[PDB]
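**Q** Any chance you can model this:
(7 chains, ligands or ions: 1)
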Amino acid sequence: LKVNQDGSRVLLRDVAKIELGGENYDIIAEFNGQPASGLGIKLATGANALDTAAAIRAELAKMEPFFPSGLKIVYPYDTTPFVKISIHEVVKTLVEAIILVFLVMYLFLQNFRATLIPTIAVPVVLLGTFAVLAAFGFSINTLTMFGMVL
Amino acid sequence: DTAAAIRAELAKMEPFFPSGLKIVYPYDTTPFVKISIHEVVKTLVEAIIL
Amino acid sequence: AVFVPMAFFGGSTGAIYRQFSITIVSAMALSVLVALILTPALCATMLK
Amino acid sequence: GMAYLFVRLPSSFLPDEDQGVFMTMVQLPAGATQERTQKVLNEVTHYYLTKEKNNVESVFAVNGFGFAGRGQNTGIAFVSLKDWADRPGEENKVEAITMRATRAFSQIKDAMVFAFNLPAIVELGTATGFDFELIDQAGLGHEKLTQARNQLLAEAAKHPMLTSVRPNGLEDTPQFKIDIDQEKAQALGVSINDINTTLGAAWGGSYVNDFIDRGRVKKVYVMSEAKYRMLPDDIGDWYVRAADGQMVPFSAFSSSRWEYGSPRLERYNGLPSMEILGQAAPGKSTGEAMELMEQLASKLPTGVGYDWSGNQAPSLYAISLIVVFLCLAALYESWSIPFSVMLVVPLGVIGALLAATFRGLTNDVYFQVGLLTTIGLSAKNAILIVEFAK
Amino acid sequence: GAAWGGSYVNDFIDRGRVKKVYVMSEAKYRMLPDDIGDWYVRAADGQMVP
Amino acid sequence: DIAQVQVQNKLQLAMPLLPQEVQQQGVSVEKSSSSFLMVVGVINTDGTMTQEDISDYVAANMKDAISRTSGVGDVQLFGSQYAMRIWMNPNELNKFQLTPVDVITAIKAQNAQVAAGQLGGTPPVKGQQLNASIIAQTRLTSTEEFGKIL
Amino acid sequence: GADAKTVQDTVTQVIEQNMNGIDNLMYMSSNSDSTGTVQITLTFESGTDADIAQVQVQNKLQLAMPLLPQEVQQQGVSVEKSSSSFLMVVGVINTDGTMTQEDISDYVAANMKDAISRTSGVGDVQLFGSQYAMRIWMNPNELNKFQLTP
Ligand SMILES: Cc1cc(N)c2ccccc2[n+]1CCCCCCCCCC[n+]1c(C)cc(N)c2ccccc21
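**A** Numbering: from 1, shown residues only, chains lettered A, B, ... in the order given. Here you go:
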């Protein structure tokens, strides 16, 4: 900074403290009352959702490896397993609706052969709607999946 | 559509104006459209009747 | 005649009512073609 | 009946559901600090960790970051509930979690904390709800505009078949103004450049340069120890060099005095504007409250304007009624069959209404299509009662 | 350039909207070529120069 | 849509090879149409104002909205938006000993807003009660105030 | 450093005037914060292409760019795809080799964050702390007794 008359060397250290710290101390995170930082991946207008977050491989897959001592990953507020559940409760619905129809088919048609045609009719029709909606740009949305069911 | 939109144009710019300020329309495309449609839809109906 | 007309969606109620008709409207034509090709043929093939 | 079972049944858009994941934000009064707000965020973290173990898998608190905006006033905790199998009851489920949680924050506290089901939906379309905004169309300032917004918020609550209306977040906190006498400055012998980059560099911070640290280039920042810039008396400590190689205090050329400004000035569409988040009345629903809010904003002073199932169905269904008759005569020519089927419509729909009017449902999106599917089966049933019989 | 042509100095505030500040000179001191001499620039040695 | 982008992006590689007078002025890239359609005149009758007062209010309430509104390629302005105008007298500059570089520098100092920090700073001392923003210099307001510059 | 009135018309307003002549657009909004941080939001018609819609705003923005404080120019200007709604919010903590709520925010933002934002169409990433920075705490008494300024 300066050299005062008597060759006394004024340094930046003498006039001011110097520590390696944050560039902005406005916000601070405490995971369950314990200090920490992280990431808040916000989506893009139009992005694929369970595809952005499902990709990976990644996410951060090759960011869960060379970490030093103590550094670990942990997951709060996560969309993922809600998807995993709504698919699973509709594909459950689907199969229940087949089995339950297969009984009503038997109850009226004592013919086993006959409780078999309609059982083996709609399996095909379902797939067609996956082949048709994929071709129209639609997805396995919350909507289109209850549309299989409805 | 640009000129027909509005609502707007300047619709909520023909309101809080102070003393004396008024809008007025020279050189305007609009009513030429309004006329060519009307003289062809007239043509149309005349051609049916005839 | 009642699904595809309501498939004329609007604004933020876009896909919403759309996917609703179409998804199943698609499922109507696929259920009809199956009930005009397969379900018929199979029902002949082996019913009784 | 069928009609009355429907007109009276309220209309929502899409049902808010437990997601295994909710959140809850914080907000302190005029110009609170990072240490005061952090005390609240602790109390919130605790209700969740102690009084809700059988429920809360993990929190993730954040001091200084609202969803209004940011600053030392705001906050937010990110919750992550324990999976739905281990968490069975209706009390266990999020509707009830954000009920006694919100009860606790409006009880054993002295600020503002809430909690909400993450609106699965999209941000917009709460239904029986609003998004108003109050523009200044003329030469008025932020100060006169504010008073008109106070008169809007007032008149709605002064005469609400009601409404529930509040501002968005302009609290309106004071600000330590520093006037620099310009004649005095140069008489003592200081450049106004050197004075400004003293105050801005000391209290606010300053992006000087970039340096290198462990490969990645980061930034160098200059400011000062906290204790020499916490209050207004610390202004005098800073001595600027004057032309005539000798120091000069701030107090010399300064003029200390407080003021009243706002810490966030919203602007809607090129002009100043302060937004108003009200809802529909507990009786009324939107189209009512909306056109019963425009008449209150029109009874405001000069230079103050404004700007904000669905009507959808009425038309959509209209074409349902027209294509039926076509298809009911593309295979069934007469004007006899196209009026048969026409009756099975509310034969079944009366029950659809009744099942959901009895239980806790509403006229949402799934219901609206549960109708048209019920009508497609009504077609079925009847059309065979006709096709076979003809 | 500042006298005859104009110069974008800064921006100021007027009735809400930020506009601009311009510097130039009265018309009559820059209408013809004889008015060039009127402008006296300061020289290092604190004194004017035509 | 894309054709604009390409020209307006590779333009902004030349941008710093360009006088700083011109950079702080209006560079623009738009969709051309040598052909007006709506040319809305705007006059006064009762509370009389000039061909200058109107061009300002037009361009301080209406014009900003129009250009944006309903895909308007670019708007034309028939006059000019207001501006703090200063007519430097050369004889009055001479008899005090001054230049137009001193008037300019006086406006680039007194007429400006500055970033002053805040009490209860971003990294404070644990237990401070207050946190409010500092105000400093301000952008000027009226004719009067531009007359009292030193 | 800037306050809610400074940013409101040196960065905020300068953009709003120079933010027109764009295709498909119902409205714009703004938030001029007291921390010295402004963020504007343009909302387009439903089904409009977000790819091109970004371009148009971020290109005509960069005509106003040199009408903008040089503090703000060297700071982060940004144009992104909005989605007020996180999904993956990956917490990152320490257990064994203990470090602070600052050490982690740096390593997060010096190994992981840079990759994420880019990876699989992430509109924009949030950081829960701050990346490191050579911090300097100027002492005013020690500046005076050697005769110096910041
Ligand atoms: C800028 C830009 C520039 C262009 N010159 C362009 C040209 C064509 C289309 C889009 C374009 N975009 C923007 C376009 C990216 C388009 C991603 C689209 C859909 C994918 C599959 C849907 N799909 C269906 C159903 C049916 C088809 N017969 C089919 C044929 C070819 C490709 C796709 C198809």
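
**Q** Now do the contacts for the residue of chain A found nearest chain F.
**A** Shortest chain A-to-chain F distance, computed as Cβ to the nearest Cβ: residue-wise this is residue A:25, at 3.9 Å. Where you see a C-beta, it was placed from the backbone N, CA and C, and this is true even at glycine. Residue A:25 makes contacts with F:122-123, G:130, as judged by Cβ atoms under 8 Å, 6 or more residues apart in numbering or on different chains.

**Q** Those also near chain A: which ones?
**A** Judged by Cβ under 8 Å from any Cβ of the partner chain, the overlap between the contacts of residue A:25 and the neighbourhood of chain A comprises F:122-123, G:130.

**Q** With respect to residue A:11, which of the residues you listed is nearest?
**A** Here the nearest of those to residue A:11, counting by Cβ to Cβ, is residue F:123; it sits at 23.3 Å.

**Q** Just the buried residues from the contacts of residue A:25, in ChimeraX please.
**A** Burial among the contacts of residue A:25 is assessed by 16 or more other Cβ atoms under 10 Å in any protein chain shown; the matching ChimeraX selection reads:
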select /F:122 /G:130
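
**Q** Excluding covalently adjacent residues, which one is nearest to residue 1?
**A** Assuming you mean chain A. The spatially closest residue to residue A:1, leaving aside those adjacent along the chain, is residue A:10, at 4.8 Å (Cβ to Cβ, 6 or more residues apart in numbering or on different chains).

**Q** hmm, I had chain F in mind actually
**A** Leaving aside its chain neighbours, residue F:1 sits nearest to residue G:52 (5.3 Å; criterion: Cβ to Cβ, 6+ apart).

**Q** Helix or strand: which one has that neighbour?
**A** With elements taken from DSSP states H and E, the one containing residue G:52 is helix G:50-64.

**Q** So which elements touch that helix?
**A** Counting by 3 or more Cβ pairs under 8 Å, 6 or more residues apart in numbering or on different chains; DSSP states H and E, the packing neighbours recorded for helix G:50-64 are helix F:2-14, helix G:12-17.

**Q** which residues of chain G fall in strands?
**A** In order along the chain, chain G carries the following strands (DSSP state E): G:27-33, G:37-43, G:86-88, G:91-94, G:132-138.

**Q** Now distance to chain F and mean neighbour count too, for those strands, in CSV please.
**A** Supplementary listing: the strands of chain G in CSV, determined by distance: least, Cβ to the nearest Cβ, whole Å; neighbours: other Cβ atoms under 10 Å in any protein chain shown:
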stretch, distance to chain F, mean neighbour count
strand G:27-33, 8, 21
strand G:37-43, 9, 16
strand G:86-88, 24, 20
strand G:91-94, 21, 24
strand G:132-138, 9, 21
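
**Q** got those as TSV, with distance to chain B columns?
**A** Conversion of the strands of chain G to TSV gives the following (distance: least, Cβ to the nearest Cβ, whole Å):
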stretch	distance to chain B
strand G:27-33	12
strand G:37-43	17
strand G:86-88	36
strand G:91-94	48
strand G:132-138	47
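
**Q** Take the ones you listed and lay them out in CSV including distance to residue D:313.
**A** Putting these into CSV (distance: least, Cβ to Cβ, whole Å) gives the following:
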stretch, distance to residue D:313
strand G:27-33, 26
strand G:37-43, 25
strand G:86-88, 32
strand G:91-94, 44
strand G:132-138, 56
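
**Q** quick one: which of the ones you listed is nearest residue A:58?
**A** For the strands of chain G, proximity to residue A:58 was assessed by Cβ to Cβ; strand G:86-88 is nearest, at 11.2 Å.
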